[PDB]
Every structure is written in structure tokens, then in C-alpha cells.
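Encoded as C-alpha cells, the structure appears first; notes follow it.
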């Protein structure tokens, strides 16, 4: 089996910059190398085949070069919509094999998040549970820390955080932090607070709601 | 041009056999080209499994040859993959594709989870602002989907009409069930006036839920 090794495992670049992705074969594969782009929630799309042939419909900014065991995919001027995982594959020898991929992320200006907090729905309370959600929207960079306070006391148990992939237009991230409690626990306290610390602000961004009105 | 669509069980128990179907439209599988099956593991690494050519000849990866079978039905224009004695390691997204040395056409892919656990439908709860939001301009609504197994779940807004400003965080596994949240930001002069609903589908359990987001009062 021929092993395909993709160099940059991960990479971040700004819109308009030229980027080069590398793919090496453990042994000769001639020019039988193809490159694929896989955007979030989509199947792979063929970009280049035969090492340097651009597939029909592919934008001119994508070009390929190489032979034998060293291949490269070049993006002349990266676009925000180029955010994706890129894979090379060889079809010179059997079985066909693919490299492990290179993830291309976009760099952009720092942006402070917008915060929203949501009390549990009456529907959930009926089942005996209560999830309080804090949503941080459209920010950059990805790194952010969320702290939960109940009636002024920090709560670290029962918290679940998750991020969205980077937006294909604005290159910003979004993330939700979910605090889950039982109905009894939720009803014995009044103030629920979400505190977010991001590099854009020295002081944390706080969002809270009082059960005796929401 | 050609269109491929995979179909099959989203959940199979270990030791059982896995059968997937690929339905091809706008191209006869007897005309030309090789018809392949390729899978992508959770880690995103890809593996070519094999193909059946337009002439009926099959070719398999070495590593699966003893447990795999690819067949076709020329009258229905479909080709199939059968993988015997599956283990948890066979959990992956399975794709059918057309190609020889390159693959220009891929199906959408079907996720197969190999597990002994049983299917569990979603509970969908609305996410409505605590009203204490005097920001006017923009309003963020949402749907919390929790306690389901296995993946995946599909979440759409307004039948799919509302596609801008939609943010769906990745699923998270806790104990043995998944949870996910989808949020949408709309112009403040659109929600209080127009209805916003989230459509949630969980294939594995053949569940389709509809949730209206009612104003806070």
C-alpha cells in the first residue's frame, strides 16, 4: 500500500494570500494524484486530477503541480469560502489510497461576541429537567471561556460547551454553553449568570436573567 | 449530470451484516465507468473499499476482500455493498462514487453506526429570549435537540426558507446520548410578526418533529 502524507496538518491564512498544500507519496505514483475539497457537512469535491489538470467548473485560483513523490496544491488567492479540509489521493497502484487531509482555516480581525441567554422551556420543566443556554455569537478568535453562576455562586458541574465551524462568509465562530439541572434545583434559585472572557475585552461579558420575571 | 444516492440502516449491531444501496440517476451503470464504495471514518481518514465496473467486474481492497461483496441490479440501476461481520471499527460515513483514477461524482453519504445500544428519539425544546433583551435590531431564537442516539439529526428553519444567520453547534456525546443546539438570528421586525419554526428529523428512529417558537410573555 502506498502511503500519502499531507504536510501541513492544519493551517490558517488571510483572505487574498497564496497558500500551498503539500502531499508526499511513500513511493512513485507518477502523475496519478488527485486533490479533493470537503467543506463542512458536504461530500468531497474533485478539484485537480492527473496532478495538474483542473476539473470542469473549478475556479482558476486552484492549480496543481508535481510528479513521482512530491505534489502540491496551490490556491493563488484564498477566499473565505475556501474554508475546508483538503485531501490528495493516488490511483497509480492498487489499492487506491488517500492522505489524511489538511484543514484550512481563515484568519481575520478580532471580533467581540454577542451574548444571549435562554431560560428553560416550560416543556422541559414538565419532564423534570432544566437546561439553561448561553449563546456566544460571531466572534474571533475561536478561544473563549465561559463561567456559570447561580445566585452568585460558581457552578462547574453539568456544563456542556460546543462550537460551530467557522462561518464561510465572515469567518467568525459561535458557541453555546449549556447548564443542565433538575427542575427542583432550578426552582430553588433566582439568578442565572453567564460570564464570558474573550481576548477582545479585559473585563468579562456578562449576561443574566432572574427567574422571578423570566 | 449523474446523481448518486446512498441508502441503508443508520444503526447495525456488531456481528451482523451491513447492506447499503446506491441509486444512480441520469446515467446507466452499464454504459461506462467504475462504480465505487468509499468510507470515511470518524477521524476523517478515507478508505476505498472496491467497485463494480460497467461490465460487471469487481475489484476490492485487499484488506476487505474476504468479507465484502459488491453487486448490482441493472434493471433498477442500483449497485450494492454487503459487509459481513461488522465490528465497532466499521462505524463510518459510507459513500458511493463514480470514477477510475479520480472521483468526480460522489453521493451525499450515509452514516452507519455499529453499536449494541438502541435507537432513542430527540427531545426538542424551544430557546426563546428572556424578554429582557432590549436590543431590538437583532433577535436570536433556537431549538435544543437532546437525548438522541445514534447520529445524525437534521435541523432546518422554516422548512428551509430561513438559511441565513443559522448557527448549528457540533453534537456532543455525554454518557451515551447526543445533544445539539441550532440558533438563528433574524431581523427584530420579522419574528414577533412572522412565525419561526425549526424542523428536526432523526432518520434512525424515523422521527420528524416540528416546533413553533412562541414569543416570551
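Protein chains in written order, with the entry's author numbering: chain L, 1 to 214; chain H, 1 to 217.
Even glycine gets a Cβ: it sits at the ideal position worked out from N, Cα and C.
Practice problem: Using a Cβ cut-off of 8 Å, pull out every chain H residue sitting near residue 22 of chain L, in sequence order please. | Solution: Taking the first chain and counting its residues from 1, the one referred to as residue 22 of chain L is at position 22. Simply none; closest approach about 18 Å.
Quiz item: Helix, strand or coil for residue 54 of chain H per DSSP?
Solution: One-based indexing of the second chain puts residue 54 of chain H at position 54. Coil at residue 54 of chain H, not helix or strand.
Quiz item: If you drop the 5 nearest sequence neighbours on each side, which residues of the same chain put their C-beta closer than 6 Å to that of residue 53 of chain H?
Solution: Here residue 53 of chain H corresponds to residue number 53 of the second chain, with the count starting at 1. Here the set comprises 34.
Practice problem: Determine the closest residue to residue 212 of chain L out of L:196, L:192, L:203, L:3, with distance taken between C-alpha atoms. | Solution: Position 212 of the first chain, counted from the first residue, corresponds to residue 212 of chain L. Closest option to residue 212 of chain L, Cα to Cα, is L:192.
Quiz prompt | is_contact[residue 141 of chain L, chain H] using C-beta, thresh 8 Å | solution = Numbered from its first residue, the first chain carries residue 141 of chain L at position 141. With 8 Å as the cut-off, residue 141 of chain L does not count as an interface residue toward chain H.
Quiz prompt | Closer than 8 Å at the beta carbon, the chain H residues around residue 175 of chain L | solution = Reading the first chain from its first residue, position 175 is the one you call residue 175 of chain L. Here the neighbours are 169.
Quiz item: Who are the Cβ neighbours of residue 90 of chain H in its own chain at under 6 Å, not counting the five residues just before and after it?
Solution: Walking along the second chain from the start, residue 90 of chain H turns up at place 90. So the list reads 114, once near-sequence residues are dropped.
Exercise. Report the rounded CA-to-CA distance for residue 6 of chain L versus residue 67 of chain L, giving the unit in angstroms.
Key: Position 6 of the first chain, counted from the first residue, corresponds to residue 6 of chain L. Position 67 of the first chain, counted from the first residue, corresponds to residue 67 of chain L. Computed Cα separation, rounded: 15 Å.
Quiz item: List, in order along the chain, the chain C residues whose C-beta lies closer than 8 Å to that of residue 101 of chain L?
Solution: Among the chains of the structure shown, chain C does not appear; the protein chains present are L and H.
Quiz item: What residue from H:36, H:159, H:166 has the CA that sits closest to residue 212 of chain H's CA?
Solution: Here residue 212 of chain H refers to the residue found at position 212 of the second chain. Ranking the options by Cα distance to residue 212 of chain H, first place goes to H:159.
Quiz item: Which residue spans inside the segment 135 to 166 of chain H form an unbroken beta strand (DSSP E) run of at least 3?
Solution: 138 to 148, 154 to 157
Quiz item: When DSSP labels each residue in this structure, what does residue 69 of chain L get in the three-state scheme?
Solution: On the first chain, residue 69 of chain L is found 69 positions in, with the first residue counted as 1. If DSSP states are grouped into helix, strand and coil, residue 69 of chain L belongs with coil.
Quiz item: Are the beta-carbon atoms of residue 62 of chain L and residue 46 of chain L separated by less than 8 Å?
Solution: By 1-based counting over the first chain, the position of residue 62 of chain L is 62. By 1-based counting over the first chain, the position of residue 46 of chain L is 46. It is not a contact, given that the beta carbons lie outside the stated cut-off.
Quiz item: Is residue 12 of chain H buried or exposed, if buried means 16 or more other CB atoms sit within 10 Å of its CB?
Solution: Translated into positions along the second chain, residue 12 of chain H becomes position 12. Its Cβ being crowded by 16 or more others within 10 Å, residue 12 of chain H is buried.
Practice problem: Return the CA-CA distance between residue 56 of chain L and residue 111 of chain H, expressed in angstroms with no decimal places. | Solution: In the first chain, the residue the question calls residue 56 of chain L occupies position 56. In the second chain, the residue the question calls residue 111 of chain H occupies position 111. Taking the straight line joining both Cα atoms gives about 29 Å.
Quiz item: Could you give the distance in angstroms between the alpha-carbon of residue 121 of chain L and the alpha-carbon of residue 128 of chain L?
Solution: For the purposes of this step, residue 121 of chain L is taken as residue 121 along the first chain, with counting starting at 1. For the purposes of this step, residue 128 of chain L is taken as residue 128 along the first chain, with counting starting at 1. When rounded, the distance between both Cα atoms is 11 Å.
Quiz item: Does the Cβ of residue 95 of chain L have 16 or more other Cβ atoms within 10 Å, making it buried, or fewer, making it exposed?
Solution: What you label residue 95 of chain L is simply residue 95 of the first chain in a count that begins at 1. It is buried - the Cβ of residue 95 of chain L has at least 16 other Cβ atoms within 10 Å.
Quiz item: Skipping 5 residues on each side, what residues in its chain have a beta carbon closer than 7 Å to that of residue 84 of chain L?
Solution: Stepping through the first chain from its first residue, residue 84 of chain L is reached at position 84. Cβ neighbours of residue 84 of chain L beyond the five flanking positions: 37, 38, 39, 104.
Quiz item: Less than 8 Å separating the beta-carbons of residue 70 of chain H and residue 58 of chain H?
Solution: Taking the second chain and counting its residues from 1, one reaches residue 70 of chain H at position 70. Taking the second chain and counting its residues from 1, one reaches residue 58 of chain H at position 58. Yes, Cβ-Cβ distance for residue 70 of chain H and residue 58 of chain H is below 8 Å.
Quiz prompt | Extent of the continuous alpha helix (DSSP H) run through residue 123 of chain L | solution = As a first step, residue 123 of chain L is located in the first chain; it is residue number 123 there, counting from the start. Segment 122 to 126, the alpha helix (DSSP H) holding residue 123 of chain L.
Exercise. Identify which residue in H:105, H:201, H:168 has its Cα closest to the Cα of residue 36 of chain H.
Key: Looking up residue 36 of chain H in the second chain gives position 36. Among H:105, H:201, H:168, the Cα nearest to that of residue 36 of chain H is on H:105.
Quiz prompt | Element boundaries [alpha helix (DSSP H), containing residue 185 of chain L] | solution = Within the first chain, numbered from 1, the residue matching residue 185 of chain L stands at position 185. Note, residue 185 of chain L: alpha helix (DSSP H), 183 to 187.
Practice problem: Kindly indicate if chain H contains any beta-carbon less than 8 Å away from that of residue 95 of chain L. | Solution: Within the first chain, residue 95 of chain L is the residue found at index 95, counting from 1. For residue 95 of chain L, the answer is yes, since a Cβ of chain H falls inside 8 Å of its Cβ.
Self-check item: Burial state of residue 188 of chain L (16 or more Cβ within 10 Å)
Solution: Against the first chain, residue 188 of chain L aligns to sequence position 188. By the neighbour-count rule (16 or more Cβ atoms within 10 Å), residue 188 of chain L is not buried but exposed.
Practice problem: Would you check if there are 3 or more beta carbon pairs closer than 8 Å linking the segment 156 to 164 of chain L to the segment 169 to 188 of chain H? | Solution: yes
Practice problem: Note the first and the last residue of the continuous beta strand (DSSP E) segment covering residue 10 of chain L. | Solution: Start at 1 with the first residue of the first chain, and residue 10 of chain L comes out as number 10. Its beta strand (DSSP E) spans residues 10 to 14.
Quiz item: By DSSP, does residue 13 of chain H sit in helix, in strand, or in coil?
Solution: The residue you call residue 13 of chain H lines up with position 13 of the second chain. Reduced to three states, the DSSP call for residue 13 of chain H is coil.
Practice problem: Determine the contact status of residue 171 of chain L and residue 80 of chain L, defining contact as a CB-CB distance below 8 Å. | Solution: Reading the first chain from its first residue, position 171 is the one you call residue 171 of chain L. Reading the first chain from its first residue, position 80 is the one you call residue 80 of chain L. Taking 8 Å as the Cβ cut-off, residue 171 of chain L and residue 80 of chain L qualify as a contacting pair.
Quiz item: What residues of chain H sit near residue 160 of chain L, judged by a beta carbon separation below 8 Å?
Solution: Counting from one through the first chain, the residue named residue 160 of chain L turns up at place 160. Near residue 160 of chain L (Cβ distances below 8 Å), the residues of chain H are 172, 174, 179.
Quiz item: For residue 11 of chain L versus residue 97 of chain L, is the C-beta spacing smaller than 8 Å?
Solution: In the first chain, residue 11 of chain L corresponds to position 11, counting from 1. In the first chain, residue 97 of chain L corresponds to position 97, counting from 1. Taking 8 Å as the Cβ cut-off, residue 11 of chain L and residue 97 of chain L do not qualify as a contacting pair.
Practice problem: Check the Cβ-Cβ distances between residue 41 of chain H and every residue of chain L, and say whether any is below 8 Å. | Solution: Position 41 of the second chain, counting from 1, holds the residue named residue 41 of chain H. Chain L, which has no Cβ nearer than 8 Å to the Cβ of residue 41 of chain H, makes this no.
Practice problem: Count the other C-beta atoms from every protein chain shown that fall within 10 angstroms of the C-beta of residue 178 of chain L, then say buried if there are 16 or more, exposed otherwise. | Solution: Translated into the one-based positions of the first chain, residue 178 of chain L becomes position 178. Flag for residue 178 of chain L reads buried.
Quiz prompt | Other residues of its chain near residue 215 of chain L: CB distance less than 8 Å, five sequence neighbours each side excluded | solution = This structure cannot speak to residue 215 of chain L, because chain L is shown only from 1 to 214.
Quiz item: Is the shortest distance between the beta-carbon of residue 222 of chain L and the beta-carbons of chain H less than 8 Å?
Solution: Beyond the ends of chain L as shown, which are 1 and 214, falls residue 222 of chain L; an answer cannot be given.
Practice problem: Using a Cβ cut-off of 7 Å, pull out every chain H residue sitting near residue 119 of chain L, in sequence order please. | Solution: Walking along the first chain from the start, residue 119 of chain L turns up at place 119. Ordered by position in chain H, the residues that pass the 7 Å Cβ test against residue 119 of chain L are 130.
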